[PDB]
Structure formats: structure tokens, C-alpha cells
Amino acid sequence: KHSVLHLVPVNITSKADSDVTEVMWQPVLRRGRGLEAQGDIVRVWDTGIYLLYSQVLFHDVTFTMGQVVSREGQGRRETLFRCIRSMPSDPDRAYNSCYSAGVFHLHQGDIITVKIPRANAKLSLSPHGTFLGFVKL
């Protein structure tokens, strides 16, 4: 039976002097045992092929917004996918969701990160606006 993990936001972090915003995740659906949310990252415990999907809902007039999903393991970082959305300059118009997904080989011990490469990014913490999930194939 396929392992699944669907995550929604519980908080947001953007360190001072950084140009990055990250989401703290909490599980809302889990079957099987090969992945574990650890705050702003997800730990891979079982090597395999996974479907990874990520949506972020932005309410931000910054010229482009989006997210970068990466895997880090064995001293290396690999970008799996990026989603990019141009935003309007008027705040009442500046709402856009950004969805992307794909199938990737992940190794035991890897860390998956979802980063918005802007400081203090204005994203929704709504569980139906911003979310992250995994299906082991």
C-alpha cells in the first residue's frame, strides 16, 4: 500500500539578514512510515521513488514570487522543481497560487526543503492555500 504524507502550515520563518522564507509543516494525512516532517524540512527515511507536490498561495506585490523544492544529502544539494508567478503591483489584485509537482528518486537521510527566495514573503498559512505532499510509488 502506497505511503502518503500531506502537510499544511503551522507557522512561518524568515531569519534576519536572510533572503529566504520557509514554512513550518504539520501532518494532516499519513499512511506508512518512510517520511517525517521536522519543522521546516522533511526527512527521508526510506529510499525510493516519490511523487512530490507543492502549492504556495501568495498575497504579495513583489514582482515575482514562487518556491524552490530541493533535496540535500551526501554533502550535495539538488533542485527538483521551481514554480514562478509574476505578480501585479496592486495589493487587491496580487493573489496567485503556485503549484508544481514531479516524480523523483530520494535517498534515505535526504532532507527536502521548500524555500521562498524572498525575505518576509507574504504567503497564506491556510491549509487549502499552501500545502506539501508526498506519495511513495
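All residue numbers refer to positions in the sequence shown, first residue = 1. Only the largest set of C-alpha atoms that superpose within 1.5 Å between the two forms is called the rigid core.
Here 58-66 and 101-109 are scored by the root mean square distance of their C-alpha atoms in 5 other deposited structures of this protein, with each structure fitted by the rigid core; the higher score goes to 58-66. For residue 32, the fraction of other compared entries lacking coordinates, among those that model flanking residues, is zero, nowhere near a third. Residue-level annotation: residue 82 has coordinates in all of the other entries compared, counting only those that model residues on either side of it, so it never reaches the one-third mark.
The question of which stretch, 35-43 or 52-60, has the higher mean Cα B factor is settled in favour of 35-43. In this entry, 72-80 shows the higher mean Cα temperature factor of the pair 72-80 and 107-115. Annotation for residue 11: CA B-factor lies in the lowest third of the chain's modelled residues.
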